[PDB]
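# This is the structure alone, sequence omitted:
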Ligand SMILES: Nc1ncnc2c1ncn2[C@@H]1O[C@H](COP(=O)(O)OP(=O)(O)O)[C@@H](O)[C@H]1O
Ligand SMILES: [Mg+2]
Ligand SMILES: [Mg+2]
C-alpha cells in the first residue's frame, strides 16, 4: 500500500509546491472569480473550477492570471485565517498541479504542509481539520484535466517551519553544519511573518531546537514594504489614486511604475523600506541571540523576503551568513524530505 508525497508550503504571498518526483510549482497567493476565457505554461493560466458535496462549481482564476484582473483576492488586506475560501482554492490548485495522471489503485496522496514556528501550536488542528474535510474535484477548464482531492486521516502530516529547511541535504551541506557546541540559525523572511529558528548542536553532532532563541515575528515581513510603498504612491500622487495589486507588486519589485502618463520613481522609498524592515529583523535576531551570537557556525537566511533582502540581512554577521540555495522552496523541500522518510 504505497503513498505519493506532495509537499506544499502555504504562504500569504506565494504558494510553493513540489511532489516526490521533484516537480515544483510556485504562484502568487491571489485568487479571482473565473470566467469563460474565449508552449504556454499552465501556471500562468490557472482557470479552474471546484466541485464539492453541495454540487457547487465555483469558478476561479488563481495565480498570475488572477493577479492580472481588476477584482482580486486582497494582498495587503487579506484577513489572517488558516482555513478560508482562498486557502482552500490555493491549496487545491497547488495539489491539482502536482498530482500525476496515472496513480495506481493502491497509491494515495500524502500531503506534507505546515504553519510558521509559533503559529503551529495555535493552528495545527484547524489546518489538520481543513485537510480532513477536503472532498473536492479540482477542474482545470482550459487544460482538459481534473483531479480529486480527498485526504485520508494521517495520510497527512504537519511540520512547523524551520527544522525542514535547516536539516535538508539538497539546500545545505549538513556535513559542514554538524560542529560540536555551536548554533545554526535560520531567518525565513516571508510575506506576513518572519521566522527566526536556531538549533544547538550537541557534542555528539545531534541537533536540538532552542525555543528560547527562536520566534515567529508577526509584525515584520515583506508586507511592511508593500504598505509603505502603497502609502508612498498615493502620497506622491496627491491625486487620491491607488494601485491595484498587479501595479503595487510591480512597484515593490524595482520602485518604478508608469501611471497615467507619469514615470513614478519611488526607488528611494523602496530602498528605505527594505533597510527599515531589515534593521528590525536583525534587531529581533540579535535580541534573541545574546553573546551566543559568537557561538554560531552558520546563519542562513531564506524565503522570498530573504532573497530580496539578503544584502541587508547579511550585515547581522557578514562573514558567517549565507543564502540557502532555493530560498522560496526551502521549507517545501524540507517538507518533502520529512514526509518521504515517513
Ligand atoms: N523578484 C522579486 N522581487 C521582489 N520581491 C519578491 C521577488 N520574489 C519574491 N518577492 C517577495 O517575496 C514574497 C514571497 O515570500 P514567500 O517566500 O512566499 O513567503 P511566504 O511563505 O510568507 O509567502 C512575495 O510576496 C514578494 O513580495
Ligand atoms: Mg514562508
Ligand atoms: Mg511571537
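Perfect, I can see it now. Numbering: from 1, shown residues only. Ligands and ions are numbered 1, 2, ... in the order given.

# Helices of the chain, residue ranges please.
Along the chain, the segments classed as helices by DSSP state H run 64-67, 85-98, 119-132, 163-167, 174-177, 223-237, 245-253, 267-288, 303-313, 330-340.

# Next one: the residue in the stretch 101-250 of the chain positioned nearest to ligand 1 relative to residue 133, how far apart?
For the stretch 101-250 of the chain and ligand 1, the shortest gap (Cβ to the nearest ligand atom) falls at residue 190, measuring 2.5 Å. Every C-beta, even on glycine, is put in place using the N, C-alpha and C of the backbone. From residue 190 over to residue 133 the distance is 26 Å, taken as Cβ to Cβ, to the nearest Å.

# quick one: which of those two has more around it?
residue 190 (27 against 14; other Cβ atoms under 10 Å).

# Enumerate every residue touching the more buried one.
By Cβ atoms under 8 Å, 6 or more residues apart in numbering, the contact set of residue 190 is 11-13, 116, 221-222, 303-305.

# now with 10 Å?
Contact partners of residue 190, counting by Cβ atoms under 10 Å, 6 or more residues apart in numbering, are 9, 11-14, 116, 161, 216-217, 220-223, 302-306, 328, 331.

# What of residue 48?
Residue 48 neighbours (Cβ under 10 Å, 6+ apart): 31, 34, 58-63, 65-66, 89, 92-93, 96-97, 138-143, 146.

# what about residue 311, distance to ligand 3?
Look at residue 311 and ligand 3: by Cβ to the ion, to the nearest Å, they are 26 Å apart.

# That residue touches residue 274, doesn't it?
Yes: counting by Cβ atoms under 10 Å, residue 311 touches residue 274, with 9.1 Å between them.

# Now do the contacts for the nearest residue to residue 126 once chain neighbours are set aside.
Leaving aside its sequence neighbours, residue 126 sits nearest to residue 82 (Cβ to Cβ, 6 or more residues apart in numbering; 4.7 Å). Contacts for residue 82 (Cβ under 10 Å, 6+ apart) come out as 10, 115, 119, 122-127, 129-130.

# can you redo these as a markdown table with neighbour count?
Putting the contacts of residue 82 into a markdown table (neighbours: other Cβ atoms under 10 Å) gives the following:
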| residue | neighbour count |
| --- | --- |
| 10 | 20 |
| 115 | 21 |
| 119 | 19 |
| 122 | 11 |
| 123 | 19 |
| 124 | 16 |
| 125 | 12 |
| 126 | 13 |
| 127 | 21 |
| 129 | 12 |
| 130 | 17 |
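
# Specify which member of those residues is nearest to residue 262.
residue 10 (37.2 Å; Cβ to Cβ).

# For residue 244, see how far away residue 235 is.
Distance from residue 235 to residue 244, by Cβ to Cβ: 18 Å.

# Name the residue in those two with the higher neighbour count.
Ranked by neighbour count (other Cβ under 10 Å), residue 235 and residue 244 place residue 244 first, with 14 against 10.

# Angles on the backbone of the residue nearest to residue 126, please.
Here is the backbone geometry of residue 82 (degrees, to the nearest 10): phi -80, psi -40.

# What parts of the stretch 1-150 of the chain come near ligand 2?
Within the stretch 1-150 of the chain, the positions lying close to ligand 2 (Cβ under 5 Å from the ion) are residue 11.

# residue contacts, whichever residue of the stretch 1-150 of the chain sits closest to ligand 3?
Nearest to ligand 3, among the residues of the stretch 1-150 of the chain, is residue 118, at 4.9 Å (Cβ to the ion). By Cβ under 10 Å, 6+ apart, the residues touching residue 118 are 160-161, 193, 195, 197, 211, 214-218.

# any idea how far residue 272 is from it?
29 Å.

# can you count the residues close to the residue nearest to residue 322 when sequence neighbours are not counted?
Of all residues not flanking residue 322 in the chain, residue 300 sits nearest, at 5.0 Å (Cβ to Cβ, 6+ apart). Counted by other Cβ under 10 Å, the residues lying close to residue 300 total 23.

# shouldn't residue 300 be in contact with residue 184?
Yes: with contact defined as Cβ under 10 Å, residue 300 counts as touching residue 184 (7.6 Å).

# Next, show the common contact partners of these two.
166, 172, 177.

# which ones are touching the last one?
Taking Cβ under 10 Å, 6+ apart as the criterion, residue 177 is in contact with 166-167, 184, 199, 201, 205, 207, 297-298, 300.

# and of these, the nearest to residue 2?
residue 167 (24.2 Å).

# contacting residues around the closest one?
174, 177, 184, 199, 207, 334, 337-338.

# From what I see, residue 112 and residue 335 are in contact.
Yes: counting by Cβ under 10 Å, residue 112 does reach residue 335; the two are 4.1 Å apart.

# what residues are shared contacts of these two?
Common neighbours of residue 112 and residue 335 (Cβ under 10 Å, 6+ apart) are 5-9, 18, 157-159, 164.

# is it possible to export the residues you listed to CSV including neighbour count?
Shown next, in CSV, are the shared contacts of residue 112 and residue 335 (neighbours: other Cβ under 10 Å):
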residue, neighbour count
5, 23
6, 25
7, 31
8, 23
9, 27
18, 24
157, 18
158, 17
159, 20
164, 25
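
# returning to what we had before: next, check the contacts of residue 118 against the strands and list the overlap.
Per DSSP state E, strands hold the following members of the contacts of residue 118: 195, 197, 215-217.
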